[PDB]
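First up is the structure itself, then whatever we jot down about it.
To find a chain, count down the sequence lines: A is the first, B the second, and so on, and within it residues start at 1. Just the heavy atoms: all of them, side chains too, but no hydrogens, waters or symmetry mates, feed the values below.
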Amino acid sequence: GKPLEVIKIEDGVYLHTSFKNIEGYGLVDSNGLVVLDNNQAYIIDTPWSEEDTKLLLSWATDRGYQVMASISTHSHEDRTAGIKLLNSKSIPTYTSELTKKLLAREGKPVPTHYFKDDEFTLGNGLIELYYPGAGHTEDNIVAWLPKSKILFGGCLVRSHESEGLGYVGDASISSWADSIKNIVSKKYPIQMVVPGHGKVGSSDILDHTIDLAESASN
Amino acid sequence: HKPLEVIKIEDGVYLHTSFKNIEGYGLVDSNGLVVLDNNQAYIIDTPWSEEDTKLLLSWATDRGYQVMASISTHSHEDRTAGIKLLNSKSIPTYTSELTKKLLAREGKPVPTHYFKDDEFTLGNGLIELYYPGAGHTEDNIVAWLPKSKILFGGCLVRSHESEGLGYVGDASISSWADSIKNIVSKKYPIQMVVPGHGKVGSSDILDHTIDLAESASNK
Ligand SMILES: [Zn+2]
Ligand SMILES: [Zn+2]
């Protein structure tokens, strides 16, 4: 069969990490966040398994948190599992309108809620969502947390120690550098960047990511 | 999803390579072989999925080949997901006894044939199968092709480019080096070693794999 892990990375911000076995390669890890506003919880990108999502919801309800919503950063396979489960529990699920329509076109579970512009904030200013343009996928969005000064980049960003753009099957490689530069133009006072895969780091992760992007489109 | 590739690597020996998309990491490859004996084809490890297995069968039958048998090197899927499909088409499927019983214990489709000893041959001498000991898994076997002088090591061996042992969830790391030394003790005149993942190489792959095993075992 290794199980979901949750760890505190700031006050009211927890990193959750799930694991899959890759035959021939080893273990690949995947991150998202739980963000607390008092005792209300928000999930950014659920575990890829419906199983590990189940465990994440229990992680929260066992601490007396009320899970208010989930946000999914894009439409890929691993982001669907949680949507279906949280829909079933009447927990509000959010994506961009575009991500929602992509999911519906692919016959996948759709979120119950969705925002239409390129910016949207959740909680009472707790989570600022932003669509910076195509990169990892055509629809990928990021989440900015103004209080903790953390950017959740998901797979649109690559961690420091990692050396490629990851799964690029649905990527817009020649658009990617420009999309990271759009995040940069927000002039968020970024203190930490959480990638979809790998270790958390500083704002450097964005520069690192443009390097990989600019290299590959050559 | 990138589809099955098949390429000739020796007279009568073809490398088949199947791909999976790994979110966060990229594309991973998995290798097996097809070995021909005139019109008769033998598959060493099926492809990773049923769909790619289907493509492998069509690759062979579009060429007029008769698929006589498959052999799977252990009870993990990148070796066995094709057993159900071949079973449906009444194509004999083989594993060791231990691999067969592991599959059955896990409620997985089992091969229609198996062998009991540490050695077995298929295709009347074409393919020599050997169980060297635990490593990648408790049950992993290798395949020696005396004509083409190819060793198929599967995930018991690691390509040069690989700097780790791969998926070690079911591994016996402290036994792994000995198990490779057991292969080496066979004195096969090895010209090429085909790993389960990554590029084909020479007998040096075996030394590389020993290095990796010994390093991980020290911890
Ligand atoms: Zn993705
Ligand atoms: Zn295996």
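The heavy-atom pair separating A:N21 from B:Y167 by the smallest distance is OD1-CE1, 3.2 Å. Taking every heavy atom of both residues into account, A:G24 and B:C155 meet most closely at CA-SG, 4.1 Å.
A 6.0 Å sphere centred on NZ of A:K108 holds more than 12 heavy atoms belonging to other residues, nucleotides or ligands. Applying the 6.0 Å contact sphere to CD of A:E106 captures no more than 12 heavy atoms from other residues, nucleotides or ligands. Enclosure of atom NZ in B:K186 by more than 12 non-hydrogen atoms of other residues, nucleotides or ligands within 6.0 angstrom is indicated.
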Yes or no on side-chain contact (heavy atoms from CB on, under 4.5 Å) for A:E23 and B:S30, after CA distance, side-chain angles and deciding distance?
-> CA-CA 8 Å; A:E23 171 75 335; B:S30 179; 5.9 Å; no
